[PDB]
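Inspection log for the structure reproduced underneath, given as structure tokens.
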Amino acid sequence: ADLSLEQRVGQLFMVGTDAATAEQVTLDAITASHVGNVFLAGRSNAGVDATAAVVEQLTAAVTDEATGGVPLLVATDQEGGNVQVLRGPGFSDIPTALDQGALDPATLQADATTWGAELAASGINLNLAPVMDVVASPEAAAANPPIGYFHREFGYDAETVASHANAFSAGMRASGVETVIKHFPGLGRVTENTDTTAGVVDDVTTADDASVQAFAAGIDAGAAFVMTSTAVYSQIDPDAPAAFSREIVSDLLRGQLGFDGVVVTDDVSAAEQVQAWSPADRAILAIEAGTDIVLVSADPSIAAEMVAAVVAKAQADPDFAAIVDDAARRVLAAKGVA
């Protein structure tokens with residue numbers, strides 16, 4: 001499969017649709033903008049069959065003209081507990097990751113195999129989970145708005161987090177669903193939420209942090225996708241949101257930690273932390289940092305103009321074009337495509 005420039009850029013985006021409807025904006029993003037991946041957003045109670053029917057409409061938009069026949073990555077947020085997009089008939093009520101952390105990894109892996117089978121039956125093949133963020137301690141947990149507050153952490157040290165998230169990943173893969181470990185280099189220690197607040201700075205997480213050790217164990221155990229944080233990490237790179245940091249994404253994650261797979265941004269569409277940048281610059285900066293998939297979930301209406309901006313810069317700028325081409329190659333390889 002030899003994709004056009006437009007189609008290769010299209011592979012570097014993941015555009016949201018509401019979990020209960022194949023939204024026209026998403027369908028257009030695939031057909032007119034060649035977007036190659038989708039994400040089911042919100043909280044749906046419709047159940048497995050209704051979700052499969054949504055996904056079927058989305059995958060029906062893959063054509064040779066749309067994506068060169070390349071199939072969609074179809075993702076959702078199925079962590080469990082406070083973050084379970086897909087619920088209802090045929091779906092388990094998945095416990096919080098914190099509860100999952102109290103299970104023998106063997107038991108968690110078995111339960112995650114079940115959870116994965118439900119995802120796969122509804123047409124999902126990528127889970128944006130497990131969370132491998134490490135929260136400092138159970139007493140500090142409530143003070144951490146994205147992870148701790150919501151019980152999305154598996155535990156409070158690298159070993160516990162590693163053994164449970166890797167168990168979760170293993171069961172997920174055993175049912176045909178790849179995982180995305182998140183959020184590198186670790187979101188368990190910020191005191192504000194990047195969704196709703198800007199200028200979020202983590203002042204304690206270093207490259208030696210337990211969370212970075214957790215991610216390493218995720219990568220060593222075979223992780224194929226990693227999602228990056230948009231927080232600013234004072235002790236690693238204070239000059240940019242992590243997702244836009246060449247140093248964090250390429251030198252630390254790909255270089256030091258040796259990750260060869262696909263790097264996914266946290267949602268950059270509506271998260272307050274990155275609204276200071278135009279949608280076009282969010283995409284461009286992510287990609288230049290070493291990102292392979294720009295997540296545009298909450299507000300899919302801006303996907304079209306981001307795609308166009310990334311195409312136009314590839315046409316004008318040979319260094320960025322070469323970066324784009326490497327990214328598309330990781331994405332096609334994760335999809336098993338030549």
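Letters A, B, ... go to the chains of the structure tokens in the order shown; residues in each chain start at 1; ligands are counted from 1 in the same order.
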
* **Neighbour list for residue 21 of chain A as a PyMOL selection string, cut-off 10 Å, only C-alpha atoms, skip fewer than 6 positions in-chain** => chain A and resi 40-41+44+50-51+53-55+57-58

Expected file: the selected residues, C-alpha atoms, as a compact mmCIF listing (two decimals), in the first residue's frame:
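The file below, part.txt, is the result:
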# COMPACT_ATOMS: atom_id res chain seq x y z
CA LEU A 40 -15.50 6.59 20.43
CA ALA A 41 -16.11 9.35 23.00
CA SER A 44 -22.55 5.05 26.00
CA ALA A 50 -25.37 -1.02 19.05
CA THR A 51 -21.69 -0.05 19.32
CA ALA A 53 -23.27 -0.92 14.35
CA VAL A 54 -21.64 2.48 14.96
CA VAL A 55 -18.20 1.11 14.22
CA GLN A 57 -20.57 2.76 9.69
CA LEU A 58 -17.13 4.19 10.37

* Could you write out, as a VMD selection string, all the residues of segment 122-266 of chain A that DSSP marks as helix (DSSP H, G or I)? -> chain A and resid 141 to 143 148 to 150 158 to 174 210 to 220 242 to 244 246 to 256

* Measuring atom to atom with only C-alpha atoms, identify which of A:170, A:161, A:147, A:334 is nearest to residue 82 of chain A. =>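 Using only C-alpha atoms, the shortest distance to residue 82 of chain A belongs to A:147.
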
Find the nearest atom pair between each residue of segment 42-160 of chain A and segment 211-218 of chain A for residues within 12 Å, count only C-alpha atoms, give distances in Å to one decimal, sort rows by chain and ascending number, and present the table as a tab-separated table.
residue	atom	partner	partner_atom	distance
A:129	CA	A:218	CA	11.4
A:130	CA	A:218	CA	9.5
A:131	CA	A:215	CA	9.5
A:132	CA	A:214	CA	6.2
A:133	CA	A:211	CA	5.5
A:134	CA	A:211	CA	4.9
A:135	CA	A:211	CA	8.2
A:136	CA	A:211	CA	9.4
A:153	CA	A:211	CA	10.8
A:154	CA	A:214	CA	10.9
A:155	CA	A:211	CA	10.7
A:156	CA	A:211	CA	9.2
A:157	CA	A:211	CA	7.8
A:158	CA	A:214	CA	4.7
A:159	CA	A:214	CA	7.1
A:160	CA	A:214	CA	8.8

Could you save the residues just selected, with C-alpha atoms, as a PDB file, in the first residue's frame?
ATOM      1  CA  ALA A 129      -5.518   2.144  28.710  1.00  0.00           C
ATOM      2  CA  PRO A 130      -3.922   0.984  30.998  1.00  0.00           C
ATOM      3  CA  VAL A 131      -2.953   4.014  33.074  1.00  0.00           C
ATOM      4  CA  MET A 132       0.640   3.501  34.183  1.00  0.00           C
ATOM      5  CA  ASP A 133       0.845   6.840  35.949  1.00  0.00           C
ATOM      6  CA  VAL A 134       2.124   6.418  39.494  1.00  0.00           C
ATOM      7  CA  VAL A 135       0.451   8.359  42.315  1.00  0.00           C
ATOM      8  CA  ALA A 136       2.832   9.157  45.219  1.00  0.00           C
ATOM      9  CA  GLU A 153      -4.077   4.552  39.222  1.00  0.00           C
ATOM     10  CA  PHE A 154      -3.259   0.868  39.855  1.00  0.00           C
ATOM     11  CA  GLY A 155      -1.127   1.772  42.883  1.00  0.00           C
ATOM     12  CA  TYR A 156       1.614   3.939  44.361  1.00  0.00           C
ATOM     13  CA  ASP A 157       4.879   2.383  43.210  1.00  0.00           C
ATOM     14  CA  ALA A 158       6.431   1.197  39.950  1.00  0.00           C
ATOM     15  CA  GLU A 159       6.246  -2.513  40.761  1.00  0.00           C
ATOM     16  CA  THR A 160       2.526  -2.675  41.622  1.00  0.00           C
TER      17      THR A 160
END

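Among the candidates A:38, A:3, A:294, A:274, the residue lying nearest to residue 70 of chain A is A:3 (atoms considered: only C-alpha atoms).
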
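One distance worth recording is that between atom CA of residue 321 of chain A and atom CA of residue 14 of chain A, which is 19.2 Å.
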